[PDB]
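Here's the structure, in structure tokens; my notes come after.
There are 2 protein chains.
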Amino acid sequence: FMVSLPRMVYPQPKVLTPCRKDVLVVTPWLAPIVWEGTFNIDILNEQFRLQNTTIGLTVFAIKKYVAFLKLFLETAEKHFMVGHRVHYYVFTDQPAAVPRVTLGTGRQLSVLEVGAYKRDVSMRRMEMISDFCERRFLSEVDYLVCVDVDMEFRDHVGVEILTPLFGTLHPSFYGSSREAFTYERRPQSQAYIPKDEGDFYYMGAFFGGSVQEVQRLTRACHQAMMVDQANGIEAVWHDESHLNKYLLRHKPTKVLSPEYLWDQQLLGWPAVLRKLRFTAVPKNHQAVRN
Amino acid sequence: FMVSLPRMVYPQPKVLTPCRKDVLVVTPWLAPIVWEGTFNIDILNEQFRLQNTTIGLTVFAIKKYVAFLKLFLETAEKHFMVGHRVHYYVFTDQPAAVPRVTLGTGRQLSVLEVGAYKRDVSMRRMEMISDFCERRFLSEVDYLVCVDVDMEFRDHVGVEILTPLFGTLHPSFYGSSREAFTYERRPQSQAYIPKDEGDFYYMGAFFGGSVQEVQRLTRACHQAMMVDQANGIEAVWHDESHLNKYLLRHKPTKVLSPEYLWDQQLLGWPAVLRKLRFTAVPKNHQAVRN
Ligand SMILES: CCCCCCO[C@@H]1O[C@H](CO)[C@H](O)[C@H](O)[C@H]1O[C@@H]1O[C@@H](C)[C@@H](O)[C@@H](O)[C@@H]1O
Ligand SMILES: CCCCCCO[C@@H]1O[C@H](CO)[C@H](O)[C@H](O)[C@H]1O[C@@H]1O[C@@H](C)[C@@H](O)[C@@H](O)[C@@H]1O
Ligand SMILES: O=c1ccn([C@@H]2O[C@H](COP(=O)(O)OP(=O)(O)O)[C@@H](O)[C@H]2O)c(=O)[nH]1
Ligand SMILES: O=c1ccn([C@@H]2O[C@H](COP(=O)(O)OP(=O)(O)O)[C@@H](O)[C@H]2O)c(=O)[nH]1
Ligand SMILES: [Mn+2]
Ligand SMILES: [Mn+2]
Numbered sequence: 234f235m236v237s238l239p240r241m242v243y244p245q246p247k248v249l250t251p252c253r254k255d256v257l258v259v260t261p262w263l264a265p266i267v268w269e270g271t272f273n274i275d276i277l278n279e280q281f282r283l284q285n286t287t288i289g290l291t292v293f294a295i296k297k298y299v300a301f302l303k304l305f306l307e308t309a310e311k312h313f314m315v316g317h318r319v320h321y322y323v324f325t326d327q328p329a330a331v332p333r334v335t336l337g338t339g340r341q342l343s344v345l346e347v348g349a350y351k352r353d354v355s356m357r358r359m360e361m362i363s364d365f366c367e368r369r370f371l372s373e374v375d376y377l378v379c380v381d382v383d384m385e386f387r388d389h390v391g392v393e394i395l396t397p398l399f400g401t402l403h404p405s406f407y408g409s410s411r412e413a414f415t416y417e418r419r420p421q422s423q424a425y426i427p428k429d430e431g432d433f434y435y436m437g438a439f440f441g442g443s444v445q446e447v448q449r450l451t452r453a454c455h456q457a458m459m460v461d462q463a464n465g466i467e468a469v470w471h472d473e474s475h476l477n478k479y480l481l482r483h484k485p486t487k488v489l490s491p492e493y494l495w496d497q498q499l500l501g502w503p504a505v506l507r508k509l510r511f512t513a514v515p516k517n518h519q520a521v522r523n
Numbered sequence: 234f235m236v237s238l239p240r241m242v243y244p245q246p247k248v249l250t251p252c253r254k255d256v257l258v259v260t261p262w263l264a265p266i267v268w269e270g271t272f273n274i275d276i277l278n279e280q281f282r283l284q285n286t287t288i289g290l291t292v293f294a295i296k297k298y299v300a301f302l303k304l305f306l307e308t309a310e311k312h313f314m315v316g317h318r319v320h321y322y323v324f325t326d327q328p329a330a331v332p333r334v335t336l337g338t339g340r341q342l343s344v345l346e347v348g349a350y351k352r353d354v355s356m357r358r359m360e361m362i363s364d365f366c367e368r369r370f371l372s373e374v375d376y377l378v379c380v381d382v383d384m385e386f387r388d389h390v391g392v393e394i395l396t397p398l399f400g401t402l403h404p405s406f407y408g409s410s411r412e413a414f415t416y417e418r419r420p421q422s423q424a425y426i427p428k429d430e431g432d433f434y435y436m437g438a439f440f441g442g443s444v445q446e447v448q449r450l451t452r453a454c455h456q457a458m459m460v461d462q463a464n465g466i467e468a469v470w471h472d473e474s475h476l477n478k479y480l481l482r483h484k485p486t487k488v489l490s491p492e493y494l495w496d497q498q499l500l501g502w503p504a505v506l507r508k509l510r511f512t513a514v515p516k517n518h519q520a521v522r523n
């Protein structure tokens, strides 16, 4: 049951005025595409606080990637769901290397120890989120957000993203035609998508939804990755290829604009982006991965 | 559980191309506003058919308004949820005056006899939908759509409207500023809305949602109307005033554009409307109401 909103004073939405005319703000299956100027965060904060919403955030920091946790967490404290209940779940092979980060009220952090894989693994993250943590998340949070650690928050990332299932537009492909998307193209893979199919290219570094929908997605992707492994094939972009297949066949109920996953070093700051919210931290891929 | 969509071939949505730049297509609380060009009906039909969705439609035809049923139902057969399961519920004081209309497969009609009120009643429709039919609807349909009878369908009205809770933009006020909206303005009424509040002016002739959400809305409006009656006040636009108060405090999850509730005699055919879907049948208000 959703209680009534209180009286609020805010600008009237005008039907004959879009704010955003430069971008698509709704998908053809009537899912909002979240850009700055499309939402009144005061209304959304009211709606979600009235439900006492708890957001879980999963992040993996394996081997050298533990070095990214301090900036990741400290900037999450500044920008991620501030005012709402947040539970961070940090998956690591080195619990003692997790930095002691000071949290705001109503926010908690759990360190979950896992095994480290040598490779660019596809399988652990989808498996961990589904198979091992299923019961935990259902009991503790309403929504799950699953992100990469080699990132920092620079601006607001809030309840505007919350919905049963969301993906995020990959910053390198939002202007690309579907034939150019780097989907898995081999029919022998479970992640296969033909050249005439596809809505968007979603980045594997930021997806989420309700606990139920995220467990469905991660279970499906893990199962599909196991099939590929049994067949001696590894999708071109690993779990991201499978995420893309899933979200093609199970449409997300919101899509996040590239505001929510940006690399400024690589791509600059285009006019279409009014805010850069969650951004890549420069890294040496080869050095840091081995 | 939502099964996978099949392979489909359709035009790729392009992020840097809106189709609609002339109108607001999403509310500030991230609810789609449904206009032609914003949805791919093939994708939506797939989604809703895979859930075997059943839509109930309620319509009241009391006293002289039974004369409107033939055109209403015959045009509903042509345009309303074609291909989906539909259950019409016709509430009338004259069961024998309900026309025998031929229905397509998967569609059924129930005649529900009620008492006729003399007045421009506010109370029967909200009361009937909540208090008397609660159990029936929960067992028989997934969504309820509640409309006026003095109407005809001229174009597609389909699953694009379906959502937990929707209202429809009143065709006379979609371009108006909120101070001009004919909300109830007396603080002594439960429907009161101050001049600095309001998103939209919703028409009482077309609202709906899931059964649960429609029973919540109709219950709340009926209760509020009973309070006003006990206090010797009747809202300026009767159940529409209360509907507007409810949807201010409980934001709808989609909003239908005036495509879905139009009067061509009164308002013509503006450029902003690409389709006229559900339209007023000319009537002599005084003659037909007494
Ligand atoms: C010099 C690197 C050029 C990379 C451009 C394209 O992006 C890559 O797209 C791939 C799919 O085709 C995968 O999503 C990679 O994760 C992504 O690279 C990741 O995300 C990017 C946004 C960058 O942050 C990159 O450093 C990172 O490895
Ligand atoms: C010559 C009549 C001028 C009416 C213009 C405004 O509309 C009225 O707006 C009211 C709220 O302020 C209520 O919603 C009425 O139901 C509506 O009239 C109804 O809907 C309209 C769209 C018309 O179809 C009208 O005939 C009908 O009575
Ligand atoms: O040695 C590693 C490699 C990867 N990761 C995790 O897997 C994510 C995806 O890898 P990466 O960020 O290197 O991929 P990219 O964004 O460069 O494609 C990282 O953010 C980490 O959360 C990790 O913890 N340790
Ligand atoms: O004598 C009446 C008066 C009203 N109605 C029902 O109440 C609705 C609302 O009344 P009306 O359409 O006259 O209001 P308007 O759209 O003109 O404001 C009608 O469509 C009918 O469904 C009815 O059945 N009999
Ligand atoms: Mn990364
Ligand atoms: Mn009417």
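Top to bottom, those sequences are chains A and B. Numbered according to our numbering, the first sequence spans residues 234 to 523. Numbered according to our numbering, the second sequence spans residues 234 to 523. All C-beta atoms, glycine included, are put in the ideal place defined by N, C-alpha and C.
Asked	Found
Spatial distance of A/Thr396 from A/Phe439 (CA atoms)	14 Å
Under 7 Å by beta carbon: chain B residues contacting A/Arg482	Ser237 and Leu238
B/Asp381 Cβ short of 8 Å to ligand 6 heavy atom set	yes
Chain A within 9 Å of B/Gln245, Cβ atoms only	yes
Alpha-carbon to alpha-carbon, B/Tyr298 and B/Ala520	11 Å
Distance cut-off 8 Å: B/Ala520 Cβ against heavy atoms of ligand 6	no
Residue span of the alpha helix (DSSP H) that contains residue 524 of chain B, given as start and end	Chain B is shown from 234 up to 523; residue 524 of chain B falls before or after that span and cannot be answered.
Cβ neighbours of A/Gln327 in the same chain (closer than 6 Å, five flanking residues each side left out)	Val299
First and last residue of the uninterrupted beta strand (DSSP E) at A/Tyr321	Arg318 to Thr325
Cβ-based neighbour list, B/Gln448, same chain, cut-off 6 Å, excluding 5 preceding and 5 following	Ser363 and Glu367
Three-way DSSP call (helix, strand, coil) for A/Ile362 in this model	helix
Closer than 9 Å to chain B by CB, A/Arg507	no
Test: A/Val258 CB closer than 9 Å to a CB of chain B	yes
Proximal residues of chain A, C-beta to C-beta of B/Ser410 below 7 Å	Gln245
Extent of the continuous beta strand (DSSP E) run through A/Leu249	Run containing A/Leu249: none; DSSP gives neither H nor E here.
Residues of the stretch 428 to 441 of chain A whose Cβ lies closer than 9 Å to any Cβ of chain E, in chain order	This model lacks chain E altogether, as its protein chains are A and B.
Three-state secondary structure (DSSP) of A/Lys428	coil
heavy atom of ligand 5 below 8 Å from A/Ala309 C-beta	no
Interface positions of the stretch 372 to 393 of chain A facing chain B (Cβ-Cβ less than 8 Å), listed along the chain	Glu393
CB contact flag (A/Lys484, A/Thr325, <9 Å)	no
Below-9 Å beta-carbon distance, residue 524 of chain B vs any chain A residue	Only positions 234 to 523 of chain B appear in this structure, which leaves residue 524 of chain B out of reach.
Through-space distance from A/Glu385 to A/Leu304, alpha-carbon basis	6 Å
Cβ of A/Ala264 within 9 Å of any chain B Cβ	yes
Neighbouring residues, chain A, relative to B/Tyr407 (Cβ below 9 Å)	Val248 and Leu249
B/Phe234 at chain A interface by Cβ criterion, 9 Å	yes
Interface flag, B/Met241 vs chain A, CB-CB below 9 Å	yes
Proximity of B/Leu489 and B/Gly431 at Cβ, strictly below 9 Å	no
Buried versus exposed call for B/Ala294 [16 or more other C-beta atoms within 10 Å across all chains shown]	buried
Within 9 Å, strictly: CB atoms of B/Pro404 and B/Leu283	no
Helix, strand or coil at B/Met458 [DSSP, three-state]	helix
Cα-Cα separation between B/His389 and B/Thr308, rounded to whole angstroms	10 Å
A/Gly437 versus B/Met235: straight-line alpha-carbon distance, rounded	22 Å
Sub-9 Å separation of B/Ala513 and B/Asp383 beta-carbons	yes
Beta carbon proximity, B/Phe399 to chain A, threshold 9 Å	no
B/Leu238 (DSSP reduced to helix, strand or coil)	coil
Neighbouring residues, chain B, relative to A/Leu290 (Cβ below 8 Å)	Correct list: empty, because the minimum Cβ distance to chain B is about 21 Å.
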